[PDB]
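Coming up, as structure tokens: structure 1 and structure 2, two forms of one and the same protein chain.
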Structure 1
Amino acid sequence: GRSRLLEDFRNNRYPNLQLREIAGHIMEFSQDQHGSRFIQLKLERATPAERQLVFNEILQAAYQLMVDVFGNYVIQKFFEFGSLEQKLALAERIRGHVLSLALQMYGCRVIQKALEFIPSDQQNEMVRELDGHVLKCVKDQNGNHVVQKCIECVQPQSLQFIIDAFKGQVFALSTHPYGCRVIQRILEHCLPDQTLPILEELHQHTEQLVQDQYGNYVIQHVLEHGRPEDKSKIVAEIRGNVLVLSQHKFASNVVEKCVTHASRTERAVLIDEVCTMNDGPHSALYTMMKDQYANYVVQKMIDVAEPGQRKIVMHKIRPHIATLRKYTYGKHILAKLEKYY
């Protein structure tokens, strides 16, 4: 049901098509793959009057265009380049529909863009609509990116309804594919009194989390961007378990970020842990230097260890070379010790 105008334009029949030569058709073009691209382009170089021409027609049809696979890009354009009046006018069209848009495949894309370009007042009005549906949104493949975007953009003081919805759902959520992403945002952007309760739960479950395909990513975040005190609780939980955890697909990564991001003393106490303590009938370092994952840990110890501790490790390894040569994951550990002596 494409107008002859759209058809002809979609078939190279208007190399000089001007913005004003499509008035009456602004929706039609917005829902087309080429039409939508055309509009967006001419819109950058557009005059104030031209841009109003187009706004008149997209405002009229705003919600439809928001949940459209092409229309949404046209709308996002106005949040970026439109005037303050055009932005507030679009955000007003959204009022009432924040949640259904956030769960919508294309709608969430608009929300994310609106959140990034409307004034705090309108941001705060928009976010309020999510209260009551915080976990529905987070566990959703679209919503989760809105929530993520809320945390990045809105005053933290406005996001307490979220922190309150995470109470008792920190672990369950850090083991969620989307949940874990949102936990990271919160840790990055939220206020001290908000991150406290999150970190409380995080610590109570550090053991389970470090071995979880998503959880482990959250612990790594804390070891990379977190407060020293928090780091130490994590490493206090890795300390002693260094051998077992380094042989794990997921947790082996945590152990590297402990070796890497702990204090100078803690770092030295973790490296010594594998050099001393032994494994059943074999030595710890021995087991690790040939394991498919743990071998990476070893190399990461060789790195962050100050020359003193690094000589003892090189020395501790030197005897097992021939065994190392026989195992495939011992190759890159060999590479390192070979460059040494």
Structure 2
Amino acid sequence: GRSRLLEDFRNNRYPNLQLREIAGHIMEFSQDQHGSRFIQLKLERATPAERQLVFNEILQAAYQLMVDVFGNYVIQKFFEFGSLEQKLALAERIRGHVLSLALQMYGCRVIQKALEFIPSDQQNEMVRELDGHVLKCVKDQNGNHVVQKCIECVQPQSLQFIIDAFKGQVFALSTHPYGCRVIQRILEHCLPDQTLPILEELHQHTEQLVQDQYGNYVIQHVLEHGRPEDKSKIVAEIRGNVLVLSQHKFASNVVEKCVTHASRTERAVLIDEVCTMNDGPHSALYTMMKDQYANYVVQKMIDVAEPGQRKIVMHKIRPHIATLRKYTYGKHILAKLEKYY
């Protein structure tokens, strides 16, 4: 299967082997764990001539290398370090194959790299081969990263077809493991006319989303980078449910984000809710201090509370200081209290 040259190379016979020396063996070396490695760490520092010599032998069979466990790395280097003309010729070897490559283990990595370095016209042509297959790519283990990459790299205007495809399925995709990722990229890079409908659906299913294994990340994303209007809507869903949600493995993280990113008024209201409300005989704050997840919310509340409110929180915590030591999680609250005594 291997040639004399590659054979002797594996056998560590050419410790000083150079690029020009493997002319006529590029494809063979490229599809070889050691060969590829060798080529990879030469193209970056090699000369334009050495790179063209390598390019000449991989252009025709480029697809073959793109979907190759070791070859995909060489093609990637050309997009990263190759010349404009080489990147363009590789982009043409990809034409008509975007979908199958995007769904490919190795191929999707080439597509992702190509999207970063080719011109907008080449990006738009690539993106368009995904037209009609958006959800399939989004739900694919390989394809979801190509979609994420398009959103990061391509002009928003050319991604309208991905937006049209998410309409009505935002809730479904936000609880999907790859989908929640694409939704976040959409919120960070797309246009107002595009993020608007996505946000409406996110607001409509906020209650379910905060508690979802994946949806909770999308809601936090909005609390951390969203417009104040959108943040307040999320906060108003949390209000009245601080106690119950802070005790939830998933929503607890969302109430922390609310505490941290709410407006001054909203923050005070959230903290007060658990400083006033009584959970049985003892306050809601006390039940929270003893919970495996809620204790984190209290600590965050102590951190962001205005000195006036922090004082109130400490006072509600005070009478319980000695009992807290007996609870697996209350203890952790004591630790936090050290920072303040």
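Counting starts at 1 and follows the sequence of structure 1. We call the rigid core whatever largest set of C-alpha positions still superposes within 1.5 Å between the two forms.
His282 is among the residues whose C-alpha shifts by 2 Å or more between structure 1 and structure 2 once the rigid core is aligned. Core superposition places the C-alpha of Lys331 1.2 Å apart between structure 1 and structure 2. For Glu44, the displacement of the CA atom between structure 1 and structure 2, after superposition on the rigid core, amounts to 2.4 Å.
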